[PDB]
Structure formats: C-alpha cells, structure tokens
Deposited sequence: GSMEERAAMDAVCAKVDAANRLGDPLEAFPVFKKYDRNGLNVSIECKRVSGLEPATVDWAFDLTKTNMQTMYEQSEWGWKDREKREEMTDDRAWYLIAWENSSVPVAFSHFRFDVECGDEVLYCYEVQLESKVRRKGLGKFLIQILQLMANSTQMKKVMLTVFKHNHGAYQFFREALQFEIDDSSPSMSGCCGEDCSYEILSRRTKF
C-alpha cells in the first residue's frame, strides 16, 4: 500500500464511521441488556442527539466517580475542559436506560486517528453504583469492539489511571486489553485491544 493511498484510506475509514447514522444498527440485538437482575436498553447517538439533561447526567456521573482520581493525577480536575471534551461535536455516546426515563450508564467514544492509525477511542465508560459488577460494562466495551471491527478501526483504545486499580483490572485482566505501545510505559497508561482482521 502506497503511503498517500494508505493515509487516504485511514482518513476515509474514520470519516465513513463518523457519518454513520446509527453504528449500533449493525447488530441491534445489542440494544438490549437483560442479565443479572439488570434490564436495560442501549442506544447509540452523537452528543448532538442527546437531551441537555442527559449530557448533564453524564458529566455529573463522570465527575462524581472520577474527580478525586483526576486530582491525584498530573491532569488535575478541570470542569470546563472536561465539559468541552464531552460536548465536542465528534463525541459519540452509548447510553443505557433502565426505563425510558432513567440513564444508568454510558460510554463516550470517538472514531479518530491516533498515532497514525484509525482507532475507536473510548474516552469514558461510567456506571451508576447500582448497576455495577453485573456484566454491563463488559457488554458495553464489547459493543465498542464490534463497532471497531465493523468500521475497520485497528483497535479500541483508552486511558486508565494507575490509581484506578479496579478499572485497570477490568480492562487489563477481564477484558484482556494490552498496554498500548503509545503508553508512557506518569500516573496513567494507554490500553488497547486490537481488532482481528
């Protein structure tokens, strides 16, 4: 593959993915999660497609769960800058609804170029305490993984705090993410899970 053509395909695949109407539409059986006393519907929307209240809920949950860990990192917690990130037009959301009125979990992800590669970047995966350790998180990240296979991303990547020990074990051990080559190995690591094509 010639370089200019290789760079073009990379951009083409990332742009095609971001033009999708509903990326979860390729396997709608994953729009339901009903296991372990959990019964949830899952939708995939651009951030533009979410109610302001839902966006606030996501930001709030993330802050409630992550603020201390952000202060314990080099980053610190920056409210406005985290809000910007999560409301960037390029932001995609996977959201879990307990009833047609109650959001209990979400992921913020994007289709992007990272270190020259087409990747699905998982910015956030955040659950209410009450729906944790029931397989919902694992279910959500598999959805990201299937989407990466379907859209021809090379991997699903994310950043995890070294001091977020539980999340680290979730990704690294339960989900078998590797330490990505772009990892500083800093108070964080970059994790990835390659697609198989």
- Give the ranges of the deposited sequence, numbered from 1, for which the structure holds no C-alpha coordinates, in sequence order. 1-2, 188-195
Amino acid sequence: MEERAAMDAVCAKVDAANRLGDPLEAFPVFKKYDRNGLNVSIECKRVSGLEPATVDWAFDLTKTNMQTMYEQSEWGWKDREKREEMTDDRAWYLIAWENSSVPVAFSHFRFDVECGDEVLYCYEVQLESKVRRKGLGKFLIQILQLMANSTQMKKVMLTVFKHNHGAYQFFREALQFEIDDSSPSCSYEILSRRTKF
From here on, numbers count along this sequence of modelled residues.
- Task: Using the B-factors recorded in the PDB entry, average over the C-alpha atoms of 104-112 and of 83-91, then report which stretch comes out higher.
- Result: 83-91
- Query: Out of 9-17 and 171-179, which stretch has the higher average CA B-factor listed in the record?
  - Reply: 171-179
- Note on the structure: Of the residues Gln67, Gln142, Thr159, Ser150, the one whose Cα carries the largest B-factor in the deposited record is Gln67
- C-alpha B factor of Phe30, ranked within the chain: lowest, middle or highest third? lowest
- Message: Using only modelled residues of the chain, where does the Cα B factor of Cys44 rank: lowest third, middle third or highest third?
- Response: middle
- Query: If you rank every modelled residue in this chain by C-alpha B factor, which third holds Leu146: lowest, middle or highest?
  - Reply: lowest
- Chain-relative CA temperature factor third for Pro52: highest
- Task: Taking the values exactly as deposited, rank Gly166 by C-alpha B-factor within its chain and report the matching third: lowest, middle or highest.
- Result: middle
